[PDB]
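> Please find protein_4.txt (compact mmCIF, C-alpha atoms) on the next line:
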# COMPACT_ATOMS: atom_id res chain seq x y z
CA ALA A 1 65.35 -7.22 16.27
CA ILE A 2 66.65 -10.04 18.47
CA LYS A 3 64.53 -12.63 16.67
CA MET A 4 65.61 -11.40 13.24
CA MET A 5 69.26 -11.44 14.31
CA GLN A 6 68.90 -15.01 15.54
CA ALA A 7 67.10 -16.14 12.39
CA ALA A 8 70.06 -14.94 10.30
CA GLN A 9 72.51 -17.26 12.05
CA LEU A 10 71.08 -20.69 12.82
CA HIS A 11 70.17 -21.79 9.24
CA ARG A 12 67.15 -23.60 10.71
CA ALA A 13 65.40 -21.05 12.97
CA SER A 14 63.62 -19.12 10.23
CA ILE A 15 60.85 -16.80 11.40
CA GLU A 16 57.29 -18.15 11.45
CA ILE A 17 54.52 -15.60 10.91
CA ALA A 18 51.29 -15.75 12.92
CA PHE A 19 48.41 -14.24 10.97
CA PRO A 20 45.36 -12.57 12.52
CA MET A 21 42.53 -14.81 13.67
CA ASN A 22 39.18 -15.23 11.90
CA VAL A 23 39.66 -12.13 9.73
CA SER A 24 40.52 -12.61 6.06
CA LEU A 25 41.60 -9.92 3.59
CA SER A 26 41.16 -7.00 5.95
CA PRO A 27 42.56 -3.77 4.46
CA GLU A 28 45.50 -3.62 6.88
CA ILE A 29 46.50 -7.22 6.14
CA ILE A 30 47.09 -6.38 2.47
CA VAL A 31 49.38 -3.43 3.12
CA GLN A 32 51.25 -5.26 5.89
CA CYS A 33 51.82 -8.19 3.54
CA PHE A 34 53.12 -5.79 0.88
CA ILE A 35 55.53 -4.19 3.36
CA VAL A 36 56.78 -7.63 4.39
CA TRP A 37 57.16 -8.64 0.75
CA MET A 38 59.27 -5.66 -0.30
CA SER A 39 61.12 -4.98 2.96
CA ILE A 40 61.98 -8.29 4.72
CA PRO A 41 64.65 -10.52 3.14
CA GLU A 42 63.34 -13.79 1.77
CA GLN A 43 66.03 -16.01 3.31
CA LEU A 44 64.97 -15.08 6.86
CA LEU A 45 61.43 -16.44 6.47
CA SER A 46 59.97 -19.93 6.52
CA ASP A 47 58.60 -21.47 3.35
CA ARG A 48 55.09 -21.45 4.82
CA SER A 49 55.22 -17.73 5.64
CA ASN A 50 56.60 -16.89 2.20
CA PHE A 51 53.82 -18.89 0.58
CA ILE A 52 51.10 -17.16 2.60
CA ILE A 53 52.52 -13.71 1.84
CA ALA A 54 52.78 -14.53 -1.86
CA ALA A 55 49.23 -15.88 -1.92
CA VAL A 56 47.85 -12.70 -0.36
CA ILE A 57 49.79 -10.63 -2.89
CA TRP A 58 48.74 -12.69 -5.91
CA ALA A 59 45.07 -12.89 -4.94
CA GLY A 60 44.36 -9.34 -6.06
CA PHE A 61 46.19 -9.53 -9.40
CA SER A 62 45.05 -12.85 -10.86
CA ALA A 63 42.35 -12.51 -13.49
CA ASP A 64 40.37 -15.56 -12.33
CA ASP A 65 41.71 -17.17 -9.16
CA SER A 66 40.54 -15.87 -5.79
CA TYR A 67 42.18 -16.00 -2.37
CA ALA A 68 40.51 -19.28 -1.41
CA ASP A 69 41.22 -20.73 -4.85
CA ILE A 70 44.89 -19.89 -4.29
CA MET A 71 45.12 -21.22 -0.74
CA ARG A 72 43.59 -24.44 -2.09
CA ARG A 73 46.85 -24.97 -4.01
CA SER A 74 48.36 -26.41 -0.81
CA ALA A 75 47.98 -29.88 -2.28
CA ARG A 76 49.39 -30.90 -5.68
CA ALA A 77 52.58 -28.98 -4.80
CA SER A 78 54.84 -28.11 -1.89
CA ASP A 79 55.05 -24.78 -0.09
CA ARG A 80 58.39 -23.79 -1.61
CA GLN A 81 57.28 -24.86 -5.09
CA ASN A 82 54.08 -22.81 -4.85
CA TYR A 83 56.10 -19.84 -3.65
CA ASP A 84 58.46 -20.18 -6.61
CA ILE A 85 55.55 -20.42 -9.05
CA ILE A 86 53.90 -17.30 -7.66
CA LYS A 87 57.14 -15.32 -7.58
CA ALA A 88 57.87 -16.24 -11.18
CA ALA A 89 54.36 -15.06 -12.03
CA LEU A 90 55.13 -11.72 -10.34
CA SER A 91 58.24 -11.10 -12.46
CA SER A 92 56.69 -11.55 -15.91
CA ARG A 93 56.19 -8.97 -18.66
CA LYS A 94 52.88 -7.84 -17.11
CA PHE A 95 53.79 -7.54 -13.41
CA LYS A 96 57.01 -6.67 -11.59
CA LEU A 97 57.58 -6.60 -7.83
CA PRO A 98 60.89 -6.11 -6.00
CA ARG A 99 60.84 -8.98 -3.46
CA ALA A 100 63.76 -7.77 -1.36
CA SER A 101 66.47 -10.41 -0.99
CA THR A 102 69.83 -10.63 0.77
CA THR A 103 73.25 -12.24 0.45
CA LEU A 104 75.96 -13.75 2.61
CA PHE A 105 78.53 -11.49 4.27
CA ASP A 106 81.93 -12.57 5.60
CA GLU A 107 83.92 -9.44 6.48
CA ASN A 108 85.41 -9.34 9.96
CA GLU A 109 87.84 -7.39 12.13
CA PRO A 110 90.94 -9.49 12.91
CA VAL A 111 91.31 -10.22 16.61
CA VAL A 112 92.78 -13.01 18.71
CA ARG A 113 90.17 -15.63 19.58
CA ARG A 114 89.88 -19.28 20.59
CA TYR A 115 86.87 -20.67 18.69
CA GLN A 116 85.69 -20.88 15.08
CA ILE A 117 84.12 -18.08 13.06
CA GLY A 118 81.29 -18.22 10.56
CA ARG A 119 79.21 -16.49 7.90
CA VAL A 120 75.86 -14.87 8.68
CA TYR A 121 73.04 -13.63 6.48
CA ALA A 122 72.52 -9.85 6.52
CA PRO A 123 69.08 -9.06 8.17
CA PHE A 124 69.48 -5.82 6.14
CA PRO A 125 68.15 -5.77 2.53
CA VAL A 126 71.00 -3.34 1.66
CA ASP A 127 74.29 -4.40 0.03
CA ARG A 128 77.82 -3.40 1.04
CA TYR A 129 77.94 -0.47 -1.41
CA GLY A 130 74.52 0.97 -0.56
CA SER A 131 72.66 -0.39 -3.57
CA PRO A 132 69.51 -2.35 -2.68
CA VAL A 133 69.43 -6.09 -3.32
CA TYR A 134 66.34 -7.52 -5.00
CA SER A 135 65.64 -11.16 -5.79
CA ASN A 136 64.15 -10.83 -9.28
CA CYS A 137 63.75 -7.27 -10.56
CA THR A 138 63.60 -3.63 -9.50
CA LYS A 139 61.68 -0.50 -10.55
CA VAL A 140 58.26 -1.87 -9.60
CA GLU A 141 55.82 -1.47 -12.48
CA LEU A 142 52.55 -3.22 -13.25
CA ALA A 143 49.85 -2.80 -15.89
CA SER A 144 46.80 -3.35 -13.69
CA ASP A 145 45.26 -2.34 -10.37
CA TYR A 146 45.11 -4.44 -7.22
CA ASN A 147 41.59 -5.88 -7.38
CA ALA A 148 40.91 -7.89 -4.24
CA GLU A 149 37.40 -9.09 -3.43
CA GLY A 150 36.22 -5.60 -2.53
CA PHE A 151 39.41 -3.68 -1.79
CA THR B 1 23.70 -14.54 -9.64
CA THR B 2 26.68 -16.85 -9.30
CA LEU B 3 28.04 -19.22 -6.67
CA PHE B 4 30.87 -18.37 -4.28
CA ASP B 5 33.47 -20.65 -2.69
CA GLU B 6 35.31 -18.18 -0.46
CA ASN B 7 35.72 -18.90 3.25
CA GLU B 8 37.37 -17.86 6.53
CA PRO B 9 40.28 -19.24 8.57
CA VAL B 10 38.60 -20.61 11.70
CA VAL B 11 38.58 -23.83 13.72
CA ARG B 12 35.46 -25.74 12.62
CA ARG B 13 34.49 -29.41 12.78
CA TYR B 14 32.36 -29.64 9.62
CA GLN B 15 32.48 -29.07 5.88
CA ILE B 16 31.36 -25.90 4.12
CA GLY B 17 29.88 -25.48 0.67
CA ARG B 18 29.12 -22.90 -1.98
CA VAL B 19 26.03 -20.68 -1.85
CA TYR B 20 24.37 -18.23 -4.18
CA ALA B 21 24.74 -14.59 -3.55
CA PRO B 22 21.71 -12.54 -2.45
CA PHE B 23 22.58 -9.78 -4.96
CA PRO B 24 23.33 -9.75 -8.71
CA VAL B 25 26.79 -8.12 -8.18
CA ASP B 26 29.79 -10.15 -9.51
CA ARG B 27 33.19 -10.37 -7.77
CA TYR B 28 34.23 -7.32 -9.88
CA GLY B 29 31.02 -5.48 -8.82
CA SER B 30 29.27 -5.01 -12.21
CA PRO B 31 25.56 -6.01 -12.60
CA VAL B 32 25.20 -9.59 -13.96
CA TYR B 33 22.19 -10.35 -16.14
CA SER B 34 21.45 -13.57 -18.04
CA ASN B 35 20.88 -12.72 -21.72
CA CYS B 36 22.38 -9.30 -22.51
CA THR B 37 22.83 -5.88 -20.90
CA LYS B 38 20.69 -3.94 -23.38
CA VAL B 39 16.98 -2.98 -23.11
CA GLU B 40 15.32 -2.01 -26.42
CA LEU B 41 11.76 -2.85 -27.43
CA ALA B 42 9.96 -2.88 -30.77
CA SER B 43 6.79 -1.24 -29.45
CA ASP B 44 5.32 0.27 -26.28
CA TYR B 45 3.81 -1.50 -23.27
CA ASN B 46 0.02 -1.39 -23.07
CA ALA B 47 -2.30 -3.54 -20.96
CA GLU B 48 -5.89 -2.33 -20.45
CA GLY B 49 -4.43 1.15 -20.38
CA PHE B 50 -1.33 1.87 -18.30
CA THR B 51 0.90 2.79 -21.22
CA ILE B 52 4.67 2.87 -20.71
CA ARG B 53 6.95 4.46 -23.29
CA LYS B 54 10.13 2.79 -24.49
CA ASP B 55 12.19 5.60 -22.93
CA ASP B 56 11.17 4.90 -19.32
CA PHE B 57 12.37 1.30 -19.04
CA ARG B 58 15.84 2.54 -19.93
CA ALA B 59 15.82 5.09 -17.11
CA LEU B 60 14.41 2.53 -14.68
CA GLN B 61 17.23 0.14 -15.56
CA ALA B 62 19.77 2.94 -15.22
CA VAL B 63 18.59 3.79 -11.68
CA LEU B 64 18.60 0.22 -10.29
CA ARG B 65 22.38 -0.24 -10.33
CA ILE B 66 24.48 -0.69 -7.20
CA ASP B 67 26.51 2.17 -5.74
CA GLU B 68 29.75 0.29 -6.64
CA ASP B 69 31.30 1.72 -3.45
CA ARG B 70 29.72 -0.67 -0.93
CA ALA B 71 31.28 -3.66 -2.70
CA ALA B 72 33.76 -4.37 0.09
CA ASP B 73 31.29 -4.09 2.97
CA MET B 74 28.64 -6.04 1.06
CA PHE B 75 30.90 -9.09 0.66
CA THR B 76 32.18 -9.37 4.25
CA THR B 77 28.78 -10.53 5.48
CA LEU B 78 28.63 -13.16 2.73
CA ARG B 79 32.14 -14.31 3.63
CA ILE B 80 31.40 -14.70 7.34
CA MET B 81 28.08 -16.40 6.62
CA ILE B 82 29.37 -18.92 4.06
CA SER B 83 32.00 -20.40 6.39
CA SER B 84 29.77 -20.95 9.41
CA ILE B 85 26.87 -23.15 8.21
CA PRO B 86 27.45 -26.91 7.77
CA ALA B 87 27.24 -27.94 4.14
CA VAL B 88 25.08 -31.01 4.79
CA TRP B 89 22.13 -28.81 5.81
CA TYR B 90 21.63 -27.38 2.31
CA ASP B 91 19.21 -30.15 1.29
CA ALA B 92 16.79 -29.66 4.19
CA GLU B 93 13.10 -29.25 3.44
CA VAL B 94 10.87 -26.45 4.68
CA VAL B 95 8.70 -27.02 7.75
CA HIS B 96 7.26 -23.55 8.49
CA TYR B 97 5.71 -21.89 5.46
CA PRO B 98 5.65 -18.22 6.59
CA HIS B 99 9.45 -18.14 6.80
CA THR B 100 9.57 -18.02 2.98
CA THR C 1 47.88 21.87 -30.89
CA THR C 2 51.01 22.92 -32.74
CA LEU C 3 54.57 24.15 -32.06
CA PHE C 4 55.42 27.86 -31.47
CA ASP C 5 59.02 29.12 -31.94
CA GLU C 6 58.47 32.79 -30.85
CA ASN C 7 61.58 34.04 -28.96
CA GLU C 8 61.90 37.03 -26.60
CA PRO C 9 65.03 39.33 -26.86
CA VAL C 10 67.17 38.78 -23.76
CA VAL C 11 70.81 38.01 -22.93
CA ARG C 12 71.38 34.30 -22.33
CA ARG C 13 74.05 31.68 -22.98
CA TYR C 14 72.04 28.59 -23.96
CA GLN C 15 69.96 27.55 -26.95
CA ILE C 16 66.18 27.30 -26.85
CA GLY C 17 63.72 25.14 -28.75
CA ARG C 18 60.09 24.48 -29.64
CA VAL C 19 57.31 23.69 -27.17
CA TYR C 20 53.68 22.74 -27.58
CA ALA C 21 51.03 25.14 -26.62
CA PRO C 22 48.84 24.45 -23.56
CA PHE C 23 45.71 25.55 -25.48
CA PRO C 24 44.23 24.48 -28.83
CA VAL C 25 44.57 27.97 -30.35
CA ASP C 26 46.68 28.79 -33.43
CA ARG C 27 47.20 32.53 -32.82
CA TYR C 28 43.67 33.15 -34.11
CA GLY C 29 40.48 32.90 -32.07
CA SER C 30 39.37 29.86 -34.04
CA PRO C 31 40.46 26.62 -32.33
CA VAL C 32 42.29 23.69 -33.94
CA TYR C 33 40.94 20.17 -34.40
CA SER C 34 42.69 17.12 -35.82
CA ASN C 35 39.92 15.73 -38.05
CA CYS C 36 37.22 18.29 -38.89
CA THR C 37 35.22 21.16 -37.40
CA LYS C 38 31.77 19.58 -37.55
CA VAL C 39 29.59 17.54 -35.19
CA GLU C 40 27.28 15.10 -36.99
CA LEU C 41 26.33 11.70 -35.60
CA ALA C 42 24.26 8.80 -36.87
CA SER C 43 22.25 8.25 -33.67
CA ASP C 44 22.14 9.35 -30.04
CA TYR C 45 24.43 8.37 -27.15
CA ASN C 46 23.30 5.56 -24.85
CA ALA C 47 25.30 3.41 -22.44
CA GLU C 48 23.49 1.68 -19.54
CA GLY C 49 21.06 4.58 -19.63
CA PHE C 50 22.03 8.24 -19.54
CA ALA D 1 47.56 24.90 -15.33
CA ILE D 2 51.06 24.42 -13.94
CA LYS D 3 50.93 20.69 -14.65
CA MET D 4 49.65 21.35 -18.18
CA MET D 5 52.48 23.79 -18.87
CA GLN D 6 55.01 21.24 -17.62
CA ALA D 7 53.48 18.60 -19.88
CA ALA D 8 53.72 21.05 -22.77
CA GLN D 9 57.43 21.60 -22.17
CA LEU D 10 58.62 18.02 -21.61
CA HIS D 11 57.18 15.40 -23.95
CA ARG D 12 57.83 12.59 -21.46
CA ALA D 13 55.84 14.03 -18.54
CA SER D 14 52.44 13.53 -20.15
CA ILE D 15 49.47 14.12 -17.87
CA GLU D 16 48.07 10.91 -16.36
CA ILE D 17 44.41 11.20 -15.40
CA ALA D 18 43.21 9.43 -12.25
CA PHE D 19 39.58 8.39 -12.51
CA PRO D 20 37.12 7.66 -9.68
CA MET D 21 35.49 4.69 -11.46
CA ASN D 22 36.37 1.00 -11.33
CA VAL D 23 33.85 -0.81 -13.56
CA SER D 24 30.66 1.25 -13.68
CA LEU D 25 29.97 4.73 -15.09
CA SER D 26 28.14 7.82 -13.86
CA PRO D 27 26.43 10.81 -15.49
CA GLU D 28 29.21 13.21 -14.48
CA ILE D 29 31.94 10.92 -15.81
CA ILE D 30 30.52 10.91 -19.34
CA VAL D 31 30.18 14.68 -19.64
CA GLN D 32 33.61 15.27 -18.10
CA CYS D 33 35.15 12.81 -20.56
CA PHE D 34 33.44 14.61 -23.44
CA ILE D 35 34.72 17.97 -22.19
CA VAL D 36 38.24 16.56 -21.97
CA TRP D 37 37.97 15.08 -25.47
CA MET D 38 36.74 18.33 -27.01
CA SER D 39 38.92 20.76 -25.05
CA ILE D 40 42.25 19.30 -23.89
CA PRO D 41 44.72 18.65 -26.74
CA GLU D 42 45.85 15.06 -27.18
CA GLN D 43 49.56 15.91 -27.25
CA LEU D 44 49.45 16.67 -23.50
CA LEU D 45 47.99 13.35 -22.33
CA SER D 46 49.51 9.91 -21.92
CA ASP D 47 48.44 6.99 -24.08
CA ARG D 48 46.47 5.41 -21.24
CA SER D 49 44.38 8.54 -20.69
CA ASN D 50 43.64 8.89 -24.40
Could I get this structure in the form of structure tokens?

Amino acid sequence: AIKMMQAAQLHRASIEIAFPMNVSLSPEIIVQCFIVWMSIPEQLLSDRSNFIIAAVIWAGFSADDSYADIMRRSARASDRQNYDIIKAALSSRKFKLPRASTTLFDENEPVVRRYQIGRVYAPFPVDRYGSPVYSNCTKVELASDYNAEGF
Amino acid sequence: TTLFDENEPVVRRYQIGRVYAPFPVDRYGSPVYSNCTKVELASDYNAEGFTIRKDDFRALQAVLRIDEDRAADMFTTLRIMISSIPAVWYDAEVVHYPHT
Amino acid sequence: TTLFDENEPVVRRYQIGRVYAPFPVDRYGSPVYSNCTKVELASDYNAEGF
Amino acid sequence: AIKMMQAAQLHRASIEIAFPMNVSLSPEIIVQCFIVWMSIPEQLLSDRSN
């Protein structure tokens, strides 16, 4: 909670995710990546972490490319660009994922102070009126099954 | 069978390469033959006796398939064995015959 | 299956409609098929054995 | 039976079959599919199941 609150203020202290060691595509990794994808706002994460999460998600849906073949896309493009490509692929006519996002928030209680005040990202994927905020599209629907290597 | 390029995230000092898989299973898990997945014969099989009918090869083929459940566990060993053997060793010659 | 409009006499305030039946019967013991009530095939059934 | 009756009433809540196969087939799957084809009316199943 403290780290997420800090990462929503400094504009440069985005969270960096440490993945498990020497275990690839374990069953728990997939579900944890899914939870991160559709529960943690995208603006609070680093580009590298977003790219890794997106790669793990897209590995099981691509017809041809595998997890290693996707991680090999590190060259020939940047991290943010690869993340954008994958996310656009996940909001097409064949696949649709929420990808919880967030927005700025600048409502405050007037009170006498001495210093300046600022705007902070909401570490909460919810909006002011209770409706969820999603980056691309809602009502998750997809015309295939998650086919990882063996999971 | 078909080659595989998958690997593991681990700190290693050498390059890795693709290997064949020790089973006919594809990434999807279906059997993978070379010509076609149908077994029909014009006549029977005879050779100094020992006659086989055309309706037994079909059953034998139908019983040799993989359980299709063990696909996940079967690939983990391949994954952890591909990414731990230096790729420059794949051209070595044999020195002890009984090992093959 | 087909649609049945049979209505029971009871006091109610709202209109009712037609529903499908959860069985292929048409109020007679004979069942209902879309195409024809015959089973003739050219050859046997074979798919990776079986 | 309850699910089938519900599918009969509402034409949007068609029954969606969940199968235990991924790529391969099995002797029980074929006979169960034939039983479904010859017994369960098509108006109570979704397009994917058909």
> Using Å and a single decimal, report how far CA of residue 98 (chain A) sits from CA of residue 138 (chain A).
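So the answer is 5.1 Å.
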> Extract, using all atoms listed in the file, all DNA, RNA and protein residues at most 9 Å from residue 23 (chain D), discarding same-chain residues fewer than 4 positions from it, and format them as an NGL selection string.
:B and (28-30 or 68)
> Restricting it to C-alpha atoms, dump the selection as an mmCIF file, keeping the file's coordinate frame.

data_model
loop_
_atom_site.group_PDB
_atom_site.id
_atom_site.type_symbol
_atom_site.label_atom_id
_atom_site.label_comp_id
_atom_site.auth_asym_id
_atom_site.auth_seq_id
_atom_site.Cartn_x
_atom_site.Cartn_y
_atom_site.Cartn_z
ATOM 1 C CA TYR B 28 34.230 -7.320 -9.880
ATOM 2 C CA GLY B 29 31.020 -5.480 -8.820
ATOM 3 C CA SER B 30 29.270 -5.010 -12.210
ATOM 4 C CA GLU B 68 29.750 0.290 -6.640
#
> For chain B versus chain C, which residues have an atom no more than 9 Å away, and what is each residue's nearest atom pair and distance in Å rounded to one decimal, using all atoms listed in the file, chain-then-number order, as a tab-separated table?

residue	atom	partner	partner_atom	distance
B:37	CA	C:48	CA	7.7
B:38	CA	C:48	CA	7.4
B:39	CA	C:48	CA	8.8
B:58	CA	C:49	CA	5.6
B:59	CA	C:49	CA	5.8
B:60	CA	C:49	CA	8.5
B:61	CA	C:49	CA	7.1
B:62	CA	C:49	CA	4.9
B:63	CA	C:49	CA	8.4
> Using only C-alpha atoms, which residues sit within 10 Å of residue 25 (chain A) once same-chain residues fewer than 2 positions away are excluded, as a ChimeraX atom specification?
/A:23,27-30,56,59,67,148-151 /B:8,76
> Restrict the calculation to all atoms listed in the file, then for each residue of chain D with any atom at most 12 Å from an atom of chain B give the closest atom pair and their distance in Å to one decimal, rows by chain and rising residue number, as a tab-separated table.

residue	atom	partner	partner_atom	distance
D:20	CA	B:69	CA	10.4
D:21	CA	B:68	CA	8.7
D:22	CA	B:68	CA	8.1
D:23	CA	B:30	CA	6.4
D:24	CA	B:30	CA	6.6
D:25	CA	B:68	CA	9.5
D:26	CA	B:62	CA	9.8
D:27	CA	B:62	CA	10.3
> At what distance in Å, to one decimal, does CA of residue 49 (chain A) lie from CA of residue 77 (chain A)?
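For CA of residue 77 (chain A) relative to CA of residue 49 (chain A), the distance reads 15.6 Å.
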> With chain C as the partner and 9 Å as the cut-off, tabulate the residues of chain D that qualify, each row holding the nearest pair of atoms and their distance in Å to one decimal, using only C-alpha atoms, sorted by chain and rising number, as JSON lines.

{"residue": "D:1", "atom": "CA", "partner": "C:22", "partner_atom": "CA", "distance": 8.3}
{"residue": "D:4", "atom": "CA", "partner": "C:22", "partner_atom": "CA", "distance": 6.3}
{"residue": "D:5", "atom": "CA", "partner": "C:22", "partner_atom": "CA", "distance": 6.0}
{"residue": "D:7", "atom": "CA", "partner": "C:22", "partner_atom": "CA", "distance": 8.3}
{"residue": "D:8", "atom": "CA", "partner": "C:20", "partner_atom": "CA", "distance": 5.1}
{"residue": "D:9", "atom": "CA", "partner": "C:19", "partner_atom": "CA", "distance": 5.4}
{"residue": "D:10", "atom": "CA", "partner": "C:19", "partner_atom": "CA", "distance": 8.0}
{"residue": "D:11", "atom": "CA", "partner": "C:19", "partner_atom": "CA", "distance": 8.9}
{"residue": "D:25", "atom": "CA", "partner": "C:48", "partner_atom": "CA", "distance": 8.4}
{"residue": "D:26", "atom": "CA", "partner": "C:50", "partner_atom": "CA", "distance": 8.4}
{"residue": "D:27", "atom": "CA", "partner": "C:50", "partner_atom": "CA", "distance": 6.5}
{"residue": "D:30", "atom": "CA", "partner": "C:50", "partner_atom": "CA", "distance": 8.9}
{"residue": "D:38", "atom": "CA", "partner": "C:33", "partner_atom": "CA", "distance": 8.7}
{"residue": "D:39", "atom": "CA", "partner": "C:24", "partner_atom": "CA", "distance": 7.5}
{"residue": "D:40", "atom": "CA", "partner": "C:23", "partner_atom": "CA", "distance": 7.3}
{"residue": "D:41", "atom": "CA", "partner": "C:1", "partner_atom": "CA", "distance": 6.1}
{"residue": "D:42", "atom": "CA", "partner": "C:1", "partner_atom": "CA", "distance": 8.0}
{"residue": "D:43", "atom": "CA", "partner": "C:1", "partner_atom": "CA", "distance": 7.2}
{"residue": "D:44", "atom": "CA", "partner": "C:22", "partner_atom": "CA", "distance": 7.8}
> One decimal, Å: what's the distance from CA of residue 34 (chain A) over to CA of residue 12 (chain A), could you say?
24.7 Å
> Mind checking which residues fall within 12 Å of residue 53 (chain B), counting all atoms listed in the file, ignoring those fewer than 6 positions away in the same chain, and posting them as a ChimeraX atom specification?
/B:40-46,59-60
